[PDB]
Amino acid sequence: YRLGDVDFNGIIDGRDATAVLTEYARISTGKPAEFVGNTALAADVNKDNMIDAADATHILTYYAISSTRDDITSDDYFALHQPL
Amino acid sequence: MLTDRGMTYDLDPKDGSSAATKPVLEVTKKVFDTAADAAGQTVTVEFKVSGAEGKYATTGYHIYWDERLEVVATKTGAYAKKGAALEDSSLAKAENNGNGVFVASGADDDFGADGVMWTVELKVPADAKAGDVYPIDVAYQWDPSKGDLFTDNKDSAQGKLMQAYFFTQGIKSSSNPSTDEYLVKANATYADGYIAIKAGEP
Ligand SMILES: [Ca+2]
Ligand SMILES: [Ca+2]
Ligand SMILES: [Ca+2]
């Protein structure tokens with residue numbers, strides 16, 4: 001998998017962020033998880049072992065950075081927020 | 001000074017003429033009577049969507065303005081502030097981009113609403129003159145790593161048709177130019193709104 005690319009289409013963008021948020025809102029209301037295996041791993045961009053709106057916020061912010069200054073890789077951007 | 005940064009909408013589908021949902025984005029066209037009325041004014045520029053109530057979830061597009069305008073940042077430093085169209089969208093982010101900003105949104109369902117998506121405070125320079133047009137541009141950009149968006153939560157066939165409409169027909173560009181006289185005079189018919197000052201010549 002590529003971290004941040006939860007729809008596995010080779011792009012990190014707002015559709016990844018909306019997808020993580022949608023999964024979080026479903027799980028929050030008690031529906032079963034749809035993100036399993038490498039999808040679940042791709043969603044957990046800050047590596048805190050949970051999928052929540054902080055991951056979705058991070059993907060969206062990367063999408064916006066890559067759309068502007070575009071001066072950091074997605075992997076380096078998500079590592080800024082991962083546990084030492 | 002503004003340049004035409006927009007790109008040709010080239011995803012499949014690129015013809016949104018048959019979209020169920022035809023989103024149109026309007027941008028403030030502020031006109032001052034005299035240079036003295038305009039000089040040093042801060043104008044709230046709204047980016048207002050119509051025809052897509054409850055039809056969208058995921059957005060991302062570029063905004064640029066004439067370099068002579070001074071953006072007045074929010075308290076966080078952001079050049080754009082979300083509006084009422086995005087109040088039911090839990091994800092909303094603005095990233096600064098020189099004489100411009102990138103604005104993006106996300107939602108856990110099709111909670112996108114009609115109305116003001118974003119606002120930008122733009123200040124008219126002290127040496128503004130009668131006749132000046134400060135154009136404001138909404139633009140599509142793409143590169144192989146990512147592109148601009150206006151789709152539904154599932155990113156459905158209809159959401160991709162709606163996106164195609166938004167970028168090709170919903171906003172002005174070099175392929176869908178403005179006929180507004182201020183932008184024609186500005187040689188910026190690719191742009192979408194403006195702050196203008198009347199020339200007031202017979
Ligand atoms: Ca993706
Ligand atoms: Ca996480
Ligand atoms: Ca435009």
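Residues numbered from 1 in each chain as written, not as in the entry; some residues may be left out. Chains lettered and ligands numbered in written order. Heavy atoms only, no water.

Per the PDB record, this model was obtained through X-ray crystallography at a reported resolution of 1.7100 Å.

Here we look at the overall build of chain B
Test applied: Secondary structure elements follow DSSP: runs of H or I no shorter than four residues count as helices, runs of E no shorter than two count as strands, and numbering proceeds from the N terminus. Note on contacts: a residue pair qualifies if any of its non-hydrogen atoms lie within 4.5 Å across the two residues. In this tally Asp and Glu are treated as negative and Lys and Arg as positive; neither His nor the chain ends contributes. Charge coordinates come from a single atom per side chain, which is NZ of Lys, CZ of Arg, CG of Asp or CD of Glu.
Check the secondary structure of chain B and you find 3 helices and 14 strands. In terms of its C-alpha atoms, chain B occupies a principal-axis envelope of roughly 50 × 35 × 30 Å. Within chain B, contacts between residues separated by at least 24 positions form 76% of all contacts whose residues are at least 6 apart in sequence. The average position of the 20 basic charges and that of the 31 acidic charges among the side chains of chain B differ by 2 Å.

Structural notes on the packing of aromatic side chains
Aromatic rings considered in pairs are described by the distance between their centres and by the relative angle of their planes. Our working rule: Aromatic pairs are defined between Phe, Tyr and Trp rings, using the six-membered ring for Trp, whenever the two ring centres lie within 6.5 Å; interplanar angles under 30 degrees are classed as stacked, those over 60 as edge-to-face, and all others as tilted. Only protein chains enter the accessibility calculation, which uses a 1.4 Å probe; a residue is then buried when its area is under 20% of its type maximum, exposed when over 50%, and partly exposed in between.
In this structure the tally under the stated criterion is 13 aromatic pairs over all chains. Taking 5.2 Å as the distance between ring centres and 90 degrees as the angle between the ring planes, the aromatic pair formed by A:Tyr63 and B:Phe102 counts as edge-to-face. Taken together, the residues A:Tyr63 in helix 3 (residues 53–66) and B:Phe102 in strand 8 (residues 100–106) connect one chain to another. For the pair shown, A:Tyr63 and B:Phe102 are each scored as buried.

Quick word on a nonpolar patch on the surface
Residues and elements named next belong to chain A. How we decide: Without a salt bridge and with relative accessible area above 30%, a residue can belong to a patch; like charges are then joined within 9 Å and nonpolar side chains (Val, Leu, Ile, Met, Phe, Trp, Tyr) within 5 Å. Only the protein chains shown count as cover for residues, and all accessible areas are computed by the Shrake-Rupley method using a 1.4 Å probe. The salt bridge definition used is simple: a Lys or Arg side-chain nitrogen within 4 Å of an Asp or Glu carboxyl oxygen.
A grouping of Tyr 1, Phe 8 and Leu 41 is seen on the molecular surface, where their side chains present a nonpolar patch of about 290 Å² in accessible area. Along the polypeptide, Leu 41 turns up in helix 2 (residues 37–43). Looking at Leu 41, the relative accessible area reads 37%, which means it is partly exposed.

Examining the coordination of the calcium ion (ligand 2)
In a perfect tetrahedron of four donors around a metal, the angles come out at 109.5 degrees. In a perfect octahedron of six, they are 90 or 180 degrees. Residues and elements named next belong to chain A. The condition that has to hold: Only nitrogen, oxygen and sulfur atoms qualify as donors, and only when within 2.8 Å of the metal (3.2 Å in the case of Na, K and Ca); with water excluded, sites may look incomplete. Square planar and octahedral sites, with four and six donors, are those where opposite donors lie more than 155 degrees apart and all other angles lie between 65 and 115, tetrahedral sites have four donors with every angle between 85 and 135 degrees, and the rest are irregular.
For the calcium ion (ligand 2), the protein coordination sphere consists of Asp 44 (OD), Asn 46 (OD1), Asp 48 (OD), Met 50 (O), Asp 55 (OD) and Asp 55 (OD), at 2.3 to 2.5 Å. One can describe the donor arrangement at the calcium ion (ligand 2) as irregular, given that its 6 donor atoms subtend angles of 52 to 160 degrees at the metal. Along the chain, the residues that donate to the calcium ion (ligand 2) are spaced as D-x1-N-x1-D-x1-M-x4-D. Considered together, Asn 46 and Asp 55 belong to a single accessibility category, that of buried residues.

Considerations on the UniProt feature "binding site: Ca(2+)" (unreviewed entry) in chain B
Residue and element names in this part refer to chain B. Applied cut-off: UniProt positions are given in the numbering used here, feature names are shortened, and annotations may be inferred rather than shown by experiment.
Under the feature "binding site: Ca(2+)" (unreviewed entry), the UniProt entry names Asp 137, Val 138, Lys 172, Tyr 190 and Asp 192. In three dimensions, the annotated residues from a span of 56 residues occupy one location, with a maximal C-alpha spread of 8.6 Å. Within the secondary structure layout, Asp 137 lies in strand 10 (residues 133–139). For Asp 137, a relative accessible area of 1% gives the class buried. In this structure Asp 137 touches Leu 2, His 62, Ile 63, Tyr 64, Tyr 190, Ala 191 and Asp 192, once residues within four positions along its chain are discounted. Within the element layout of this structure, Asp 192 appears in the loop between helix 3 (181–186) and strand 14 (193–197). Classification of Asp 192 by relative accessible area gives buried; the value is 7%.

Looking at helix 2 (residues 157–170) of chain B
Taken together, the buried positions of helix 2 of chain B are B:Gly159, B:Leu161, B:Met162, B:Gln163, B:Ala164, B:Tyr165, B:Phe166, B:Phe167 and B:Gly170. Close packing links the buried residues of helix 2 of chain B with strand 1 (24–27), strand 4 (58–65) and strand 13 (149–151) of chain B.

Re unusual backbone geometry
Cis rather than trans, the peptide bond between B:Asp12 and B:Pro13 has omega equal to 0 degrees. Note that B:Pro13 resides in the segment before strand 1.

Considerations on the interface of chain B and chain A
As a reminder, the rule being used: We define buried area as the total accessible area lost by two parts upon association, computed with a 1.4 Å probe and summed across both. Under this definition, polar contacts are N or O atom pairs within 3.5 Å; protein pairs additionally need one hydrogen-donor-capable and one acceptor-capable atom, and for neighbouring residues in sequence, both atoms have to be side-chain atoms.
With 29 residues of chain B in contact, the opposing surface of chain A contributes 22 residues. Among the residues of chain B in contact with chain A, B:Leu91, B:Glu95 and B:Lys146 are the three that bury the most area, contributing 34% of the side total. Scanning the region where chain B abuts chain A turns up 3 salt bridges. With its nearest N and O atoms 3.0 Å apart, the salt bridge here joins A:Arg15 to B:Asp155. Taken together, the connections running from chain B to chain A amount to 8 residue pairs in polar contact. Secondary structure elements with two or more residues in the side of chain B that touches chain A: strand 4, strand 7 (91–96), strand 8, strand 12 (146–147) and strand 13 of chain B. The element that contributes the greatest number of residues to the side of chain B that touches chain A is strand 7 of chain B, accounting for 5 residues.

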